[PDB]
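Notes follow the structure.
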Amino acid sequence: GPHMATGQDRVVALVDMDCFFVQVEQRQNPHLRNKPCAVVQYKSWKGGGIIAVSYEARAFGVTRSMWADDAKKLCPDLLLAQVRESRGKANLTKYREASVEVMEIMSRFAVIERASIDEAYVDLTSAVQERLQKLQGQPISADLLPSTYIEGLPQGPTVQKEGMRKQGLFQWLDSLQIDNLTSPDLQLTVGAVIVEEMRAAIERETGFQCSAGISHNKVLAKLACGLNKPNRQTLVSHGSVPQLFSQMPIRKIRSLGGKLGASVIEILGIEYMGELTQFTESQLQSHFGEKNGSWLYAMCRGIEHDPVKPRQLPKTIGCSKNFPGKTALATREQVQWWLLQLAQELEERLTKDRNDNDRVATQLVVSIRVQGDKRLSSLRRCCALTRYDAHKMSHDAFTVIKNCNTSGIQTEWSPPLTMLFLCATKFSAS
DNA sequence: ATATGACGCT
DNA sequence: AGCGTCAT
Ligand SMILES: Nc1nc2c(ncn2[C@H]2C[C@H](O)[C@@H](COP(=O)(O)NP(=O)(O)OP(=O)(O)O)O2)c(=O)[nH]1
Ligand SMILES: [Mg+2]
Ligand SMILES: [Mg+2]
């Protein structure tokens, strides 16, 4: 009871850029701003595949993984920016560089864990602590939180969004107790003040807008972030969890969006996160494993312990290209030439990485997919990465996969390869 | 014909 | 080491 863990020790935030690749292209091309527009890869087959969609375009039903030609049917004025194509493949350098702009600003405020090209978690516990004494028991004005939503408020005894937002924020602040600086709700509030600052600095110094979640762990902060996208941040308190989880589909929680989430729903016969609280931890472990059972028992009560790992840089550097359908590679000459094209991009990203970040990869993973296989990878092999030489890396990669060719004729390659993937890993300081 | 990054299991 | 899962 007095020994009941509530998982309120940390203040964690998740910051995620709004339609990130679109904003990168809209900063560069002012004609795309404030318009329905999308970012697409390639062009020939059906206009290219969309990977990012402005909010103006989303209102017409344009989505990620839509073909651009089909998107034009939903939204005929849709504007398109195409990903740079280098050596016959996608080249994401502009967005990787834009991403570093954002990560470097966020890193001024606290320890960040890079979670993707466009989002990072941040552990605000320390900054909240020190910011709490410098404030010296002085109230927190609603002016310090001009874009914050308090999840679950307003409640109890306007028709417009901004009015609802301020009303819930007012109720939250009014009930706030400067409670020996130990109140978890006060800590979250101060955390939300800092995230307003971080988000203002990102937008001032890059032009990019973002959303954020603020809570006590990573799962709740990431969930919170998406509740009021775009250009807003959301505070999810410990006390908001029972109502929030009571109608929250299980698949919306990070790591439950795939097979494990489906077997939770199937084996237990439930739909929503809160229904997990009925079961004992042993029950959950017996269904889902000791690790998963423990994680689910705490998570459905809003408790989660994955730490914000101090990592601002990716741990692997990789490039890949799919060869779908008729384009599947069928000759040894084709396979060799695309391993070279991949190896050449990889070399120039590794070389820039070593200069920027004082490290060298030591392992090259080669990964191929053969025609007629539903998996991301059909086969994965490794070799030593001793030199950043594109010809050496592609030739080495060919060596470790060449035995996979079950072709009697020497020039041909069967079964045809529908994917090549080169990934550099196992870094050491340089 | 929906590039590429982190991590668990064995 | 190699394969499977989950995600943006
Ligand atoms: N090459 C490639 N890039 C992708 C893919 N999916 C996403 N991206 C790229 C493009 C994305 O812009 C970027 C970040 O992914 P999100 O945060 O999930 N979506 P966004 O930031 O656009 O919108 P909002 O966050 O407001 O919902 O990663 C993909 O399948 N392939
Ligand atoms: Mg985003
Ligand atoms: Mg994201």
Side-chain angles (χ1 to χ4, degrees), chain A residues 12-41 50-59 62-64 78-84 90-122 124 127 144-149 161 165 191-214 218 221-235 308 311-314 352 356:
Chain A
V12 182
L14 187 274
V15 183
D16 185 286
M17 310 305 299
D18 304 330
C19 50
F20 183 46
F21 288 23
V22 170
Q23 282 196 97
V24 173
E25 298 296 338
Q26 288 175 320
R27 175 175 71 172
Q28 181 191 304
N29 186 346
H31 291 295
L32 306 180
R33 301 183 182 171
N34 302 305
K35 305 272 171 193
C37 61
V39 174
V40 301
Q41 293 188 121
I50 297 180
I51 66 177
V53 183
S54 76
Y55 282 76
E56 296 83 356
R58 296 193 199 185
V62 179
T63 61
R64 173 185 172 264
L78 182 65
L79 303 176
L80 291 181
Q82 183 179 334
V83 168
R84 190 181 177 194
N91 175 358
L92 302 180
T93 306
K94 189 195 300 173
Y95 318 102
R96 284 185 188 102
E97 297 180 344
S99 171
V100 169
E101 282 182 71
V102 170
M103 306 272 162
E104 286 179 356
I105 294 159
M106 285 181 318
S107 294
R108 306 204 297 253
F109 295 83
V111 161
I112 85 168
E113 173 179 355
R114 188 199 193 263
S116 76
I117 199 170
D118 92 313
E119 75 216 72
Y121 298 86
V122 34
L124 296 159
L144 303 175
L145 291 162
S147 61
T148 295
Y149 277 86
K161 291 171 41 59
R165 183 198 79 79
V193 164
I194 296 174
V195 175
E196 294 275 8
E197 289 164 15
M198 181 183 325
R199 286 182 53 249
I202 289 170
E203 178 169 23
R204 183 187 79 78
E205 300 177 31
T206 70
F208 301 143
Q209 287 177 352
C210 60
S211 309
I214 306 100
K218 290 163 122 180
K222 172 83 194 180
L223 191 57
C225 183
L227 297 174
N228 291 287
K229 269 190 167 288
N231 200 38
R232 297 292 183 272
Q233 56 184 65
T234 302
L235 187 155
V308 176
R311 192 167 60 246
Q312 193 177 341
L313 304 177
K352 165 152 164 40
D356 285 340

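We name chains A, B, ... by the order of the sequence lines, and we start the count at 1 in each one. Computed from heavy atoms alone, side chains included, the values below leave out hydrogens, waters and symmetry copies.
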Q) With A/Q312, which residues qualify under side-chain contact (heavy atoms from CB on, under 4.5 Å), at least two apart? A) A/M103, A/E104, A/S107, A/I112

Q | Closest non-hydrogen atom pair between A/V39 and A/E25, with its separation | A | CG2-CG, 4.0 Å

Q: Could you tell me which non-hydrogen atom of A/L32 sits nearest to which non-hydrogen atom of A/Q26, and how far apart they are?
A: O-NE2, 2.7 Å

Q) Is any side-chain heavy atom of A/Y95 closer than 4.5 Å to a side-chain heavy atom of A/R84? A) no

Q. Is it true that a side-chain atom of A/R199 and a backbone atom of A/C210 form a donor plus acceptor pair closer than 3.5 Å?
A. yes

(Q) If the condition is side-chain contact (heavy atoms from CB on, under 4.5 Å), which residues does A/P146 pass it with, not counting sequence neighbours? (A) A/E196

**Q.** Verdict with supporting geometry, A/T63 and A/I50, side chain to side chain contact (heavy atoms under 4.5 Å, CB included)
**A.** CA-CA 7 Å; A/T63 61; A/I50 297 180; over 6 Å; no

(Q) For A/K218 versus A/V308, what's the shortest heavy-atom pair and its separation? (A) CE-CA, 4.1 Å

Q. Between A/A221 and A/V12, which heavy-atom pair has the shortest distance, and what is it?
A. CB-O, 3.7 Å

Q.
Test of understanding: with side-chain contact (heavy atoms from CB on, under 4.5 Å), list the residues that count as partners of A/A57, not counting sequence neighbours.
A. A/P36, A/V53, A/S54, A/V62, A/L78

Q: Please tell me if the side chains of A/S99 and A/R114 come closer than 4.5 Å, counting only heavy atoms from C-beta onward.
A: yes

Q | Test item: A/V22 and A/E56 side chains (from C-beta on) under 4.5 Å apart, heavy atoms | A | no

(Q) Test your reading of the model: is there a side-chain donor-acceptor pair from A/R27 to the backbone of A/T206, 3.5 Å cut-off? (A) yes

**Q.** A/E97 with A/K352: basic N within carboxylate O range, under 4.0 Å
**A.** no

Q) Would A/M198 and A/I202 count as a side chain to side chain contact (heavy atoms under 4.5 Å, CB included) if you check the C-alpha gap in whole Å, the side-chain angles of each, and the deciding distance to 0.1 Å? A) CA-CA 6 Å; A/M198 181 183 325; A/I202 289 170; 4.3 Å; yes

Q) Within a radius of less than 6.0 Å around NZ of A/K94, do more than 12 heavy atoms belonging to other residues, nucleotides or ligands occur? A) yes

Q) For A/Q82, what residues pass the side chain to side chain donor-acceptor pair (under 3.5 Å) criterion, not counting sequence neighbours? A) none

Q: Could you tell me the separation between the CZ atom of A/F109 and the CG atom of A/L124, rounded to the nearest 0.5 Å?
A: 10.0 Å

**Q.** Rounded distance [0.5 Å steps], CG in A/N34 versus OH in A/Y55
**A.** 15.0 Å

(Q) A quick test of your reading: do over 12 heavy atoms of other residues, nucleotides or ligands sit less than 6.0 Å from CZ of A/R204? (A) no

(Q) Is it the case that the side chain of A/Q23 and the backbone of A/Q209 share a donor-acceptor pair, with hydrogens and angles ignored and the cut-off at 3.5 Å? (A) yes

Q. Do side-chain atoms of A/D18 reach the backbone of A/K229 as a donor and acceptor pair under 3.5 angstrom?
A. no

Q. Is a donor on one side and an acceptor on the other found under 3.5 Å between the side chain of A/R165 and the backbone of A/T148?
A. yes

(Q) If the condition is side-chain contact (heavy atoms from CB on, under 4.5 Å), which residues does A/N228 pass it with, not counting sequence neighbours? (A) A/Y149, A/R232, A/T234

Q) Parallel, tilted or perpendicular: which fits the ring planes of A/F20 and A/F208, with parallel below 30° and perpendicular above 60°? A) perpendicular

Q) Do A/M106 and A/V122 have side chains that get closer than 4.5 Å, going by heavy atoms? A) no

Q. Okay, side chain of A/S211, backbone of A/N231: is any donor-acceptor separation there less than 3.5 Å?
A. yes

Q. Taking C-beta and beyond as the side chain, do A/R96 and A/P314 meet within less than 4.5 Å on heavy atoms?
A. no

**Q.** Set of salt bridge (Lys or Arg N to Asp or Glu O under 4.0 Å) partners for A/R311, sequence neighbours left out
**A.** A/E113

Q.
A side-chain contact here means heavy atoms from C-beta on lying under 4.5 Å apart; do A/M17 and A/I117 qualify?
A. no

Q: In sequence, state the C-alpha distance, the side-chain angles, and the governing distance for A/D356 and A/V100, and then conclude on side chain to side chain contact (heavy atoms under 4.5 Å, CB included).
A: CA-CA 11 Å; A/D356 285 340; A/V100 169; over 6 Å; no

Q) Step by step, would you call A/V83 with A/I51 a side chain to side chain contact (heavy atoms under 4.5 Å, CB included)? A) CA-CA 10 Å; A/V83 168; A/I51 66 177; 4.2 Å; yes

